[PDB]
Every structure is written in structure tokens, then in C-alpha cells.
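As C-alpha cells, one chain now follows by itself in the form deposited in one PDB entry.
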């Protein structure tokens, strides 16, 4: 399948929920953290700044297995153990209204292809 490059016109969903033509402004790598909470539940999509026991933006990820504290979706702090750091290629897109999103490869379509 096709690689997508910066400056290409593509089709993707706007924040309102409908597909429009947009432009790829830049390619980015986003780094997600994976953790096992103390109750045994698992998260695969934490950001580095969500670790509140150490400064991961300045010093990089925890060691595999390391005890951490996490600021969660409810705004509370929970104990966890660090599992892994998972980098993903993403695509910053811009619509005619000036709005922007950062999205996964599977959310972008070429002008020539059938939707969805």
C-alpha cells in the first residue's frame, strides 16, 4: 500500500465527523506508554507526561517493570508498573477551515480510492 508524504492532498474525517479533502502538513512520531495498574487493568496509550513519579519528558522512559504513579482519565493518581514504550508514525492534517488533527495511517485515504 501507498506511503503518504508531507504536502499531499488526502481525504480524512474532520472533527465534525464527515470526510473532506485535507492536506498533510507534517509527519510525526508519537510515543505512547503501556502500563499494568495495581488492579491488573492495562493501558496502551498513556503520554509520557502522565507519569507523575518521575520526569519522563526530560529523562526518558521508566525501566521495564518499574513501579510508577499515573495521572489517569478521571484526574486521580493510581499505582502501576511500566511495561513498554510504543512509537507510532502519525500524520498532522489541515482542513480548509484551518482546523487540524493528528491521525493514524488507517484514517487517511488517497484521492483515487473508494471510501470507506
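Numbering follows the first chain given and starts at 1.
Keep in mind the form solved in complex with a partner chain is missing from the figure; the text below concerns it.
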Is residue 68 close enough to its partner chain in the bound PDB entry to count, meaning some heavy atom within 4.5 Å?
no
At the 4.5 Å heavy atom threshold, is residue 41 in contact with its partner chain in the bound PDB entry?
yes
Hey, in the bound PDB entry, is residue 28 touching its partner chain, heavy atoms inside 4.5 Å?
no
Even though the partner isn't displayed, in the bound PDB entry is residue 45 close enough to its partner chain, meaning a heavy atom within 4.5 Å?
yes
Taking 19, 91 and 95 as a possible spot, do all three reach its partner chain in the bound PDB entry with a heavy atom inside 4.5 Å?
no
